[PDB]
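For reference, data-v4.cif is printed below; it contains mmCIF, C-alpha atoms.
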data_target
#
loop_
_atom_site.label_atom_id
_atom_site.label_comp_id
_atom_site.auth_asym_id
_atom_site.auth_seq_id
_atom_site.Cartn_x
_atom_site.Cartn_y
_atom_site.Cartn_z
CA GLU A 1 21.40 -5.88 13.05
CA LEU A 2 21.06 -7.55 16.46
CA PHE A 3 23.89 -6.35 18.72
CA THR A 4 24.12 -2.89 17.14
CA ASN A 5 20.33 -2.49 17.18
CA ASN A 6 20.20 -3.50 20.85
CA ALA A 7 23.01 -1.07 21.69
CA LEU A 8 21.27 1.78 19.85
CA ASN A 9 17.90 0.95 21.45
CA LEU A 10 19.26 1.82 24.94
CA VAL A 11 16.48 1.50 27.58
CA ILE A 12 13.62 2.36 25.21
CA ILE A 13 13.33 -1.25 24.03
CA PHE A 14 13.53 -2.56 27.61
CA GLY A 15 10.58 -0.31 28.45
CA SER A 16 8.25 -2.86 26.86
CA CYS A 17 9.67 -5.66 29.03
CA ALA A 18 9.45 -3.49 32.15
CA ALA A 19 5.83 -2.66 31.30
CA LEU A 20 5.07 -6.36 30.78
CA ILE A 21 6.52 -7.06 34.24
CA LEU A 22 4.39 -4.23 35.65
CA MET A 23 1.30 -5.69 33.96
CA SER A 24 2.06 -9.08 35.49
CA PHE A 25 2.41 -7.39 38.88
CA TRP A 26 -0.93 -5.62 38.36
CA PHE A 27 -2.43 -9.02 37.55
CA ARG A 28 -1.02 -10.03 40.93
CA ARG A 29 -2.19 -6.53 42.02
CA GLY A 30 0.74 -6.18 44.43
CA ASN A 31 -0.47 -5.47 47.96
CA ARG A 32 -4.02 -6.77 47.49
CA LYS A 33 -5.80 -8.57 44.64
CA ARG A 34 -8.42 -5.89 44.04
CA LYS A 35 -9.50 -3.60 41.21
CA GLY A 36 -11.47 -0.42 40.70
CA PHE A 37 -10.83 3.28 40.02
CA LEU A 38 -7.14 3.68 40.90
CA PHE A 39 -6.32 0.32 39.30
CA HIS A 40 -7.67 1.48 35.95
CA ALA A 41 -5.87 4.80 36.47
CA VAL A 42 -2.45 3.21 36.99
CA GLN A 43 -3.07 0.79 34.11
CA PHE A 44 -3.88 3.71 31.81
CA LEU A 45 -0.76 5.48 33.09
CA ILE A 46 1.58 2.61 32.31
CA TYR A 47 -0.09 2.14 28.92
CA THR A 48 0.72 5.80 28.22
CA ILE A 49 4.29 5.05 29.33
CA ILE A 50 4.33 2.13 26.88
CA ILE A 51 3.27 4.40 24.03
CA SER A 52 5.77 7.10 25.04
CA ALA A 53 8.59 4.54 24.97
CA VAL A 54 7.37 3.16 21.62
CA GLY A 55 7.54 6.70 20.24
CA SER A 56 11.28 6.90 20.87
CA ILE A 57 11.69 3.27 19.76
CA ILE A 58 10.27 4.07 16.32
CA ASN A 59 12.09 7.42 16.29
CA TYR A 60 15.40 5.55 16.48
CA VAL A 61 14.41 2.98 13.82
CA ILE A 62 14.13 5.48 10.97
CA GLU A 63 17.09 7.49 12.27
CA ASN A 64 19.58 4.59 12.37
CA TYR A 65 18.46 2.72 9.21
CA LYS A 66 16.64 5.07 6.80
CA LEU A 67 14.36 8.11 7.11
CA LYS A 68 11.92 6.65 4.52
CA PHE A 69 8.50 8.40 4.60
CA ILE A 70 7.12 7.91 8.12
CA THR A 71 6.56 11.65 8.80
CA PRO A 72 6.48 11.27 12.62
CA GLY A 73 3.59 13.72 12.81
CA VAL A 74 1.23 10.95 11.75
CA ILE A 75 2.59 8.44 14.27
CA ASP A 76 2.28 10.91 17.14
CA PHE A 77 -1.25 11.68 15.95
CA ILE A 78 -1.96 7.93 16.02
CA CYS A 79 -0.49 7.59 19.51
CA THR A 80 -2.61 10.48 20.79
CA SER A 81 -5.68 8.91 19.18
CA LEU A 82 -4.94 5.58 20.88
CA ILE A 83 -4.47 7.33 24.24
CA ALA A 84 -7.81 9.09 23.79
CA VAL A 85 -9.51 5.82 22.84
CA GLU B 1 38.85 10.64 34.32
CA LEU B 2 39.20 11.76 37.95
CA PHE B 3 41.01 15.11 38.06
CA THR B 4 39.63 16.33 34.72
CA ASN B 5 36.11 15.17 35.62
CA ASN B 6 36.32 16.96 38.97
CA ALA B 7 37.58 20.13 37.29
CA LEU B 8 34.77 20.03 34.72
CA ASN B 9 32.14 19.31 37.39
CA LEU B 10 32.77 22.73 39.04
CA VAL B 11 30.36 23.26 41.99
CA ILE B 12 27.54 21.11 40.57
CA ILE B 13 29.08 17.92 41.97
CA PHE B 14 29.71 19.58 45.35
CA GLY B 15 26.01 20.44 45.47
CA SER B 16 25.26 16.87 46.54
CA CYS B 17 27.75 17.10 49.42
CA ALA B 18 26.38 20.50 50.47
CA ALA B 19 22.85 19.08 50.40
CA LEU B 20 23.97 16.10 52.49
CA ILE B 21 25.42 18.54 55.04
CA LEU B 22 22.14 20.47 54.98
CA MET B 23 20.20 17.23 55.53
CA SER B 24 22.43 16.41 58.51
CA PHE B 25 21.77 19.90 59.87
CA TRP B 26 18.02 19.40 59.40
CA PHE B 27 18.37 16.13 61.31
CA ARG B 28 19.93 18.31 64.00
CA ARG B 29 17.19 20.81 63.02
CA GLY B 30 19.48 23.77 63.72
CA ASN B 31 17.93 26.14 66.25
CA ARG B 32 15.45 23.65 67.74
CA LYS B 33 14.88 19.92 67.25
CA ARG B 34 11.33 20.21 65.95
CA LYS B 35 9.41 19.34 62.79
CA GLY B 36 6.18 20.27 61.06
CA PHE B 37 5.01 22.39 58.12
CA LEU B 38 8.00 24.65 57.44
CA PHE B 39 10.41 21.75 58.06
CA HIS B 40 8.82 19.71 55.28
CA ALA B 41 8.78 22.85 53.12
CA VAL B 42 12.52 23.49 53.46
CA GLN B 43 13.26 19.78 52.99
CA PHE B 44 11.26 19.77 49.76
CA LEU B 45 13.09 22.94 48.71
CA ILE B 46 16.56 21.48 49.19
CA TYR B 47 15.46 18.26 47.47
CA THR B 48 14.45 20.42 44.49
CA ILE B 49 17.89 22.05 44.72
CA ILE B 50 19.44 18.56 44.67
CA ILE B 51 17.54 17.67 41.50
CA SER B 52 18.40 21.01 39.87
CA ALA B 53 22.10 20.41 40.54
CA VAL B 54 21.84 16.82 39.27
CA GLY B 55 20.36 18.19 36.05
CA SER B 56 23.52 20.16 35.30
CA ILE B 57 25.66 17.27 36.56
CA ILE B 58 24.18 14.93 33.96
CA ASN B 59 24.18 17.72 31.36
CA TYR B 60 27.97 17.91 31.67
CA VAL B 61 28.45 14.12 31.56
CA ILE B 62 27.14 13.67 28.02
CA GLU B 63 28.71 16.95 26.89
CA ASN B 64 32.27 16.12 27.99
CA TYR B 65 32.33 12.38 27.13
CA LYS B 66 29.72 11.56 24.46
CA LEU B 67 26.25 12.82 23.51
CA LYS B 68 24.93 9.23 23.21
CA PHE B 69 21.09 9.09 23.21
CA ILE B 70 19.95 10.62 26.51
CA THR B 71 17.64 13.24 24.90
CA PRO B 72 17.58 15.55 27.97
CA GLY B 73 13.87 16.13 27.47
CA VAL B 74 13.16 12.76 29.07
CA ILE B 75 15.45 13.39 32.06
CA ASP B 76 13.87 16.77 32.76
CA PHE B 77 10.46 15.12 32.45
CA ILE B 78 11.63 12.52 34.99
CA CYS B 79 12.93 15.22 37.34
CA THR B 80 9.62 17.11 37.15
CA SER B 81 7.76 13.85 37.82
CA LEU B 82 9.93 13.18 40.88
CA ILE B 83 9.35 16.73 42.15
CA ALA B 84 5.59 16.27 41.73
CA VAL B 85 5.71 12.91 43.53
#

Let me see whether you can do it: turn the structure in this file into structure tokens.
Amino acid sequence: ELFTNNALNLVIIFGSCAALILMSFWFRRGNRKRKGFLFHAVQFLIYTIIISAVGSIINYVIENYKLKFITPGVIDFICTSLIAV
Amino acid sequence: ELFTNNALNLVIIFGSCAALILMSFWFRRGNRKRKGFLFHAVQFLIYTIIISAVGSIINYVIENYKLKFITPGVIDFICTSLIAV
């Protein structure tokens, strides 16, 4: 659905939009338009936040529609692999 | 509700008021109007007490009205992150 899916998503779905806003701010770089070290650190941090939110997003999808065969072990393994990469 | 919610809150809700009184006392600084080291330590301690009380406060909210989708793991992660910050 659309309204029911949005209601069940709670703030997990809005995490992607918040992270997009944060990425736009980092493109503006906030206080000063610079990059190096800490900039990459905070970018990696909010990417990890993106993946953490996506974990709950996909956790709700197979819980509110159908369990199917996702076996969330594999998706958390994939998320850890992406974080490592 | 108002009366039922207050009765179910017990002393967890009053923890915020007690901490506000303690913060006012620390602004008065009790024995002597000074700051440094131990002052920041006790302030951090009573902030941690604030967050610990808020944990039970929000634990009762979704237990007495509706479980919803809070997943208290994320809120305790957030509280630990705030304490670290």

Query raised in the report: Hey, what's within 12 Å of stretch 68-81 of chain A if we count all atoms listed in the file and toss same-chain stuff fewer than 3 positions away? As a ChimeraX atom specification, please?
Result: /A:47-65,84-85

Using all atoms listed in the file, what table do you get, as a Markdown table, when you list each residue of chain A with an atom no more than 9 Å from chain B, its nearest pair of atoms, and their distance in Å rounded to one decimal, rows by chain then rising number?
| residue | atom | partner | partner_atom | distance |
| --- | --- | --- | --- | --- |
| A:8 | CA | B:69 | CA | 8.0 |
| A:9 | CA | B:69 | CA | 8.9 |
| A:10 | CA | B:69 | CA | 7.7 |

Query - Two-atom distance - atom CA of residue B:31, atom CA of residue B:14 (Å) - result: 24.9 Å

Query raised in the report: When you draw a straight line from atom CA of residue A:21 to atom CA of residue A:43, how long is it in Å?
Result: 12.4 Å

Query raised in the report: Distance atom CA of residue A:66-atom CA of residue A:7, one decimal place?
Result: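 The value is 17.3 Å.
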